[PDB]
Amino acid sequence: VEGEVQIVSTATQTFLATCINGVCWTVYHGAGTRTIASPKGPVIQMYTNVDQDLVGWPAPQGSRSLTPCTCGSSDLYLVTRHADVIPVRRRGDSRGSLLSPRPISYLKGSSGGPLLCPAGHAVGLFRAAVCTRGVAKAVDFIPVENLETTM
């Protein structure tokens, strides 16, 4: 079995990475310009974009790529590091509101994860939770266009 989402860690933290179009994408604020581990040694980033908080390495072993969205749906679904699916209503090019707010803890360690459309296709990469007093009611994300554009 192959996975589209990799649960990754640095010495500092843990977050997610998502494979889209043969590239393993994640958040620059998690990975930085760090290299990714492999049985043959570290492999450097193929793409680094501090501006968009985006970095990508060649897709690792045991992974499969996600297909970008082409249906423009606004009914998104965020997948957490615990494999929880959270329905998100898209509010803007890179913003969406949780249909049911969750404490920040519930979304911790999930940045880099995917935001899927009703077809399970990649709409964006979870960039950061937008919360009010410890309650995430919305999220910031990197649209696939940026990824497709960066490539």
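From 1 onward, residues are counted along the sequence shown. Under this definition, the rigid core comprises the largest set of C-alpha atoms superposing within 1.5 Å between the forms.
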Looking at C-alpha RMS in 6 other deposited structures of this protein with the core superposed, is it 58-66 or 86-94 that drifts more? 58-66
Between 111-119 and 89-97 (mean CA B-factor, as deposited), the higher: 89-97
As stated in the PDB record, which stretch has the larger average Cα B-factor, 42-50 or 78-86? 42-50
Peak C-alpha temperature factor (PDB record), options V139, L16, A11, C19: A11
Third assignment of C69 from its chain's C-alpha B-factors: middle
Quick check for you: using the entry's CA B-factors within this chain, is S105 in the lowest, middle or highest third? highest
Pull the Cα B-factor of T26 out of the PDB entry and bin it into the chain's lowest, middle or highest third. lowest
